[PDB]
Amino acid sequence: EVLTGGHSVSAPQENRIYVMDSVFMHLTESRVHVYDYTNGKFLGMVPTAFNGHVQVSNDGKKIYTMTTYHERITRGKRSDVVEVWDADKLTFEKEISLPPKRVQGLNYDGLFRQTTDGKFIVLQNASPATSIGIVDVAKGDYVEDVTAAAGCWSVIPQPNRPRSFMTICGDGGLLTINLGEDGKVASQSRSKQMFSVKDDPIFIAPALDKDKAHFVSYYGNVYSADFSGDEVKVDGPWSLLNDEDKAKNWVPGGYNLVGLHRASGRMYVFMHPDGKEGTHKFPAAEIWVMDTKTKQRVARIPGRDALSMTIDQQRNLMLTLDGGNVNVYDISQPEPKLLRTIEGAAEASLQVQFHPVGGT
């Protein structure tokens, strides 16, 4: 026998999921673990140094990582980068230099995103002053720094436009940025106030439809941003809670804590009882399934102590993640059905993602 390298991942792209392991106890050795959701098989990994972030290109061909290096790890010059990796060979291809202010923090989806057309990576900076950075993938360059987004946080792409995204601002409204084909800001707009920052703060994680996004609040309300036009129209609140729910103080909690099944309009939310100040990141006692058209709950199931989720539209799947274990659900019907649990998928993960299959 002869040991060989150069091999590709053994399972088709459509089977693959990506568990971003922060490895917080040893955060300089964060990595992405690649699994087959159909059978729990470990397929490979991508190293991501200190507090990596990850996404898969919309066309499914590449993995993008964002990380920080120093010449001697704990001393020496800092280098913040995006890296492009081949998705099938799990090999490094190119490094894109960033200014030394990329966000260092937990793996919310909205810190490291891309335009719908896949041509630009859109990332959150904090120095601690905030701005949004734009990377041109083809050119391998940082091309724009959106200072208009000062005091805002996170990136919500608009799936109905090629190079548009929104961010949540300190006024409780949304800033929309439309990039030109060069990755520079082509236009922008600011919504009316959507939510009260002081009285009903929202979780940043969107339940993202093709032309609208929903957000849940610390108190269990729902707000919406409709971007079917150039100007975003905002509304809310409606409550997730009926009177019985209120009596037990049910509220949302988690990190990447919501999802939307676009074909049905069902929104999935991690919930727990006995809510009070300080419980907004508690593990899920239940997953609630909400009909966003009727503004009413349709189902509730055990939460398995999950903290983060993600949805695959075309196979009607939901993954949930408790920090270490990934649960795979069929959501083709209103009540989710648990298919399997992948144990020990990570030591400290708050983010799982499917390999994209929908193309650009």
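Numbering starts at 1 and runs along the sequence shown.
- The question of which stretch, 73-81 or 241-249, has the higher mean Cα B factor is settled in favour of 241-249.
- Comparing the deposited coordinates for 43-51 and 287-295, the stretch with the larger average C-alpha B-factor is 287-295.
- In the deposited coordinates, the residue among 203, 195, 268, 165 with the greatest CA B-factor is 195.
- The top Cα temperature factor in the record, among 153, 215, 227, 92, falls on 227.
- When all modelled residues of the chain are sorted by CA temperature factor, residue 304 is found within the middle third.
- Residue 219: CA B factor in the highest third of modelled residues in this chain (values from the PDB entry).
- Per-chain ranking of the deposited C-alpha B factor places residue 254 in the lowest third.
- In the PDB entry, residue 8 places in the middle third of its chain by CA B-factor.
- In this PDB entry, the Cα temperature factor of residue 28 sits in the bottom third of its chain's modelled residues, the lowest group.
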